[PDB]
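Two separate entries follow, structure 1 and structure 2, each one form of the same protein chain as structure tokens.
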Structure 1
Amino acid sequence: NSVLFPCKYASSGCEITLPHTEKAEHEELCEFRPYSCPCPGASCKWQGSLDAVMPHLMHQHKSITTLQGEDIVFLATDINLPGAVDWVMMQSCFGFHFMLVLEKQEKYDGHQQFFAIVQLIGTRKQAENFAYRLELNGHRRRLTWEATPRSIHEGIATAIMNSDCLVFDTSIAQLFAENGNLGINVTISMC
């Protein structure tokens, strides 16, 4: 069985070479796979080296906020808007840029829910060195979600599919929002 196929992406680096039923089990976990625009829109169909990503969003989507500091407040404006809404924002700290996204959608026909999560614009070895915390205050009530951030490689679609991130429903975002506005404190930290 020593039939050792090259990786597809070795045409742009990769030097690994592996048995047939391990290929697509590596070719999505490569460090040499090209990137897709990590903006949570379905629309943008960009691709390129990790290093041309931050340049991508800065030119193509100038529409998108940025802030520095390992401890900011992402303030999602006007939460009650009816329909699939979404907020995106960026948080530079630690030599790195992090993408903070909050995605309202109707997950099961008849129950609309929020879905806030963070990703590091970096390689997954790279994400594994951080941890993030989102947290939502309201009158003597508080709900916190913490975990390490995704690589924008992996993308987040899967996580929100399985629910690995912070997930609450409009009902409650009510005692958290102030005047139609949800504040989510994000602290990113290291380990």
Structure 2
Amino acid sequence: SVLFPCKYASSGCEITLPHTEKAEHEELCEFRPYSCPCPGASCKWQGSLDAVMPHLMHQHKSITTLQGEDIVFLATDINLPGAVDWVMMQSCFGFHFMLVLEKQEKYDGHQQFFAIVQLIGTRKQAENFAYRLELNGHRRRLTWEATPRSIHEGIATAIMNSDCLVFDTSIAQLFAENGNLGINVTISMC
């Protein structure tokens, strides 16, 4: 009956729990310092939820932004050497959703593409939405529907487990035109 751990009370975590449920509570605690949602270990920034957007606008380059729950993101030069990440912020339902398209080079001889959507918010908040990604081509269509992850959790684990849209260089050429790739992104509430 002794409540004591939780290393986040300082950040406003007015909660006290037993030592048996410490390790688990912390990983998914609400008051755990959010990391920079941008792909890449380049930005070491850390801070609170409400500090995220400001961090992205002021201390990061100009990211493309689109209004609406149904839009089309154009990832240009998907073949360009050096290209590895495409980021776009989607504003709808009073929230901001980050779309990330990552191109990873694999040792076994191929280049994979990972597209996923992250909500600039909490896990319980993310659970209320659903996103759909579409690659539309001539008489062809590749679609991925799933629940957006919260930036708290990150995109890394999901990408590691292929829990997102996964395609590759060859699939990307099938849908691309003039070296550019259009990705339909649709977000909806449950």
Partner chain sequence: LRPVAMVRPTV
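By convention here, residues take numbers in order along the sequence of structure 1, the first being 1. Definition used throughout: the rigid core is the maximal C-alpha set that superposes within 1.5 Å between two forms.
Mind telling me which structure is the form deposited without the partner chain? If we ask which form is the one deposited without the partner chain, the answer is structure 2.
C-alpha of residue 171 moved at least 2 Å between structures 1 and 2 on rigid core: Superposed on the core, residue 171 moves its C-alpha less than 2 Å between structures 1 and 2.
Core superposed first: is there a CA shift of 2 Å or greater at residue 181 between structures 1 and 2? Shift at residue 181: below 2 Å after core fit.
Once you overlay the rigid core, does the Cα of residue 82 travel 2 Å or further between structures 1 and 2? Moves: yes, 2 Å or greater.
Angstrom displacement of the CA atom of residue 128 between structures 1 and 2, core fixed: Reported C-alpha shift between structures 1 and 2: 0.2 Å at residue 128.
Rigid-core fit: what Cα movement does residue 22 have between structures 1 and 2, in Å to one decimal? For residue 22, the C-alpha ends up 3.2 Å from its position in the other form.
Residue 65: how large is its C-alpha shift between structures 1 and 2, with the rigid core as the superposition reference, in Å? Between its two positions, the C-alpha of residue 65 lies 1.4 Å apart after core fitting.
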